[PDB]
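A single chain comes next, written as structure tokens; it is the form deposited in one PDB entry.
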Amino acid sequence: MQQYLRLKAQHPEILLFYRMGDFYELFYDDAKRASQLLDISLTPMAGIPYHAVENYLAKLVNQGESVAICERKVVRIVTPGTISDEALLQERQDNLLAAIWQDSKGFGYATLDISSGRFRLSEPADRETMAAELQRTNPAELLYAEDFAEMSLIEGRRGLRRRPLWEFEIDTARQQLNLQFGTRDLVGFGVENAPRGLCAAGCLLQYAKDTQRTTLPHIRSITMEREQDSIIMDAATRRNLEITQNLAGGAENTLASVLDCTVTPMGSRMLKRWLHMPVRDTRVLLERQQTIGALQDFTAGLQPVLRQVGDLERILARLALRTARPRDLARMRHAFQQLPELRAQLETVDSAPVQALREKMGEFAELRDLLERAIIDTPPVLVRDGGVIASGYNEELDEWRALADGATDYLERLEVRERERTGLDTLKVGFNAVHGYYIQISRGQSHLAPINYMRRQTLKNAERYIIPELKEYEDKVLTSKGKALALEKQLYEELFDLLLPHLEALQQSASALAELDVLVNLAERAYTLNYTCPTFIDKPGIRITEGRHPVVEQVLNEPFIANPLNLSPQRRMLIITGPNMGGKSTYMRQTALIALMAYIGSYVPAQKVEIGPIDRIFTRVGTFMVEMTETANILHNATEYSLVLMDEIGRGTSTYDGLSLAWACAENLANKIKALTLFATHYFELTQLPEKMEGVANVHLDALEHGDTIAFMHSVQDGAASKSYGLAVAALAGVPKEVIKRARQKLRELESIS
């Protein structure tokens, strides 16, 4: 009652689940905090049932809360970034731990996926790149120094963890890292001279190790993510492009929702990492392209088999951590049994990279056979109770089970002997913890129980008895069952000793298999959805013949209107007039997604695409202050290799201010930055730009008025727009006729000056 307080002092920053019979119960500010986060009641007490702790842990873990469980003492802790149990994770989403800190120079950043051992490090130069890395990686738990000056970056996030500055010390970090990987220096990983990144990585690794209190043999590498390697996209751009998340917070009507028909959870997670990290290096890209074309035919044969491999990545983490439960080993075995078939289907594929994926996939004949012999066809969830080791694997175990079954058989025949011998049809032998084995007669017959029967328990409508004969065989049964259970466990632990020396090759296999899932999926998508392989050019350019928006074309059952685009150094900017209504916005967004998909190595939705090198993609599409802030970010960071998409800036202030800013932005983008730009606008005055300056041109969307409506066509045409539609839309909407007549008069007089 009183001894909760002292144990809450031991871990004050973490929710304290306190065992109390059938529930775990929280008090003080833990009670308040848990009641609001879990839709359960306050009293200051709260509670959850034992049978569904893991179901409530996972929701608290999902919202950034660590949880200490007190069984007395704190015997378990789960932190949001360091879980690896399947019950606590989402199958198709990464769950990362991260660490951030700040020099007078710049930022250091590390992420770890504790289930795959995927360990990354980076060194963002400034505020904006740092924020872009946080949105992209979206860590479930975020370690930061007490020192941290730029709290604006992390303030709102879940799972913040304030750490002392000495956890970020260079030399401790190097030593910890060199020890984890078994190296003398980090040159082999290309991070030796990246001290900011390393300091973050040393804090992260220390915190991971302290949460597990176990070696982490699956974390054998770290890699550095350099800015120049990827197409940079800021938070706002990422969100607007609706890559994995839609604007409304969901996962549907998203690029992932269309491109992601992978068949294994590890493949779905890898695909989403690729979509969020397009790379500038055409070499990787052409190689992915070639794989996708080469696998076109083999797709229907590959995917059903690949689905049976399952989430080998996360199973392997539990092997590494030595928490892998029997059905984990059963599914690892099930995946090993897919490998030969997969190897046979891939043998033909004329593709150097598919053949490398084929080798790296491996076979593991020995381990397949080991687990075939070692474990039954479908074992229970836990080793705990046995019935998991297969008969014929250990001579000793088969013998103990035989002695148990033979004692148990004698007792069933004892039941039949005592029964027909006494003439009592209700007579039977049962078993429970309180009495072990007993003979049960019903009340009504119990008064004819033989006098040698020692009564031990009266029930409402039966009596139970023991005899020495019954207790003798109980001993045989329980001591046999008991040694067999201890043997099962020791044999199971030994499977871990035999499996674990092949961990490195096994992680290489699950990675290959995950990649194969991604590429085989993208191949099925390209072939299915009528995509085409884009080509790369030396100079900045985008030439698209009949491009579509990859999401909108699947998601609406209206025909989708494909469109050209021609951007070069000689034609760098299009001023897009006409109604928007989603037509311009869709056209600009589909441009960015074709760029993104090209630079992920996927085929693209078009008859043809040629595309030059892109460093960054900016899409300001969707207060005045925020439009202007995002515009400011484009004008400070865009280059002649950037793709810029602006959506009618100037809205939200005066006509002349709005037009002056738009004109000065359009001109800056065209003559100073020279970025490749689609500048959507409502200002007809801006269509005079092509005649004042080189490299700019007018396109537009039009609309046809028929019947009692107006069809907003989505066809992009050359030249400026020569009609507006605000008044036509107001008329349809029921604005009184006399008001529109007056608006039309007013419109003519305002426009006739300009």
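Under this definition, the rigid core comprises the largest set of C-alpha atoms superposing within 1.5 Å between the forms. Position 1 is the first residue in the sequence shown; the rest follow in order.
The form deposited with a small molecule bound exists for this protein as well; it is not shown, and the discussion that follows is about that form.
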*Scan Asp260, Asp113, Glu648, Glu313 and let me know which has any heavy atom within 4.5 Å of the small molecule in the deposited complex.*
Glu648
*asked:* Under a 4.5 angstroms heavy atom criterion, identify the one residue in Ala402, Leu459, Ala632, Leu556 near the small molecule in the deposited complex.
replied: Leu556
_Options 393 to 401, 468 to 476, 577 to 585, 175 to 183; stretch whose heavy atom lies within 4.5 Å of the small molecule in the deposited complex_ = 577 to 585
*Give a yes/no on whether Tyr527 approaches the small molecule to within 4.5 Å in the deposited complex, heavy atoms considered.*
no
_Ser122, heavy atom within 4.5 angstroms of the small molecule in the deposited complex_ = no
*Contact flag, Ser642 vs the small molecule in the deposited complex, heavy atom cut 4.5 Å*: no
*Spell out, yes or no, whether the shortest heavy atom distance between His714 and the small molecule in the deposited complex is within 4.5 Å.*
yes
*Considering only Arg455, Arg226, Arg343, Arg307, single out the residue whose C-alpha is displaced by at least 2 Å between the shown form and the other one after superposing the rigid core.*
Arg455
*asked:* Superposing on the rigid core, I want to see if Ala248 changes position between the shown form and the other one - specifically a Cα shift of 2 Å or more.
replied: no
_Tell me whether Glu418 is among the residues that move between the shown form and the other one (Cα shift of 2 angstroms or more, core superposed)._
yes
*By the 2 angstroms cut-off, has the C-alpha of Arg368 moved between the shown form and the other one once the rigid core is superposed?*
no
*Relative to the form shown here, do the C-alpha atoms of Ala34 and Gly250 sit closer together or farther apart in the deposited complex, given a change of 3 Å or more?*
farther
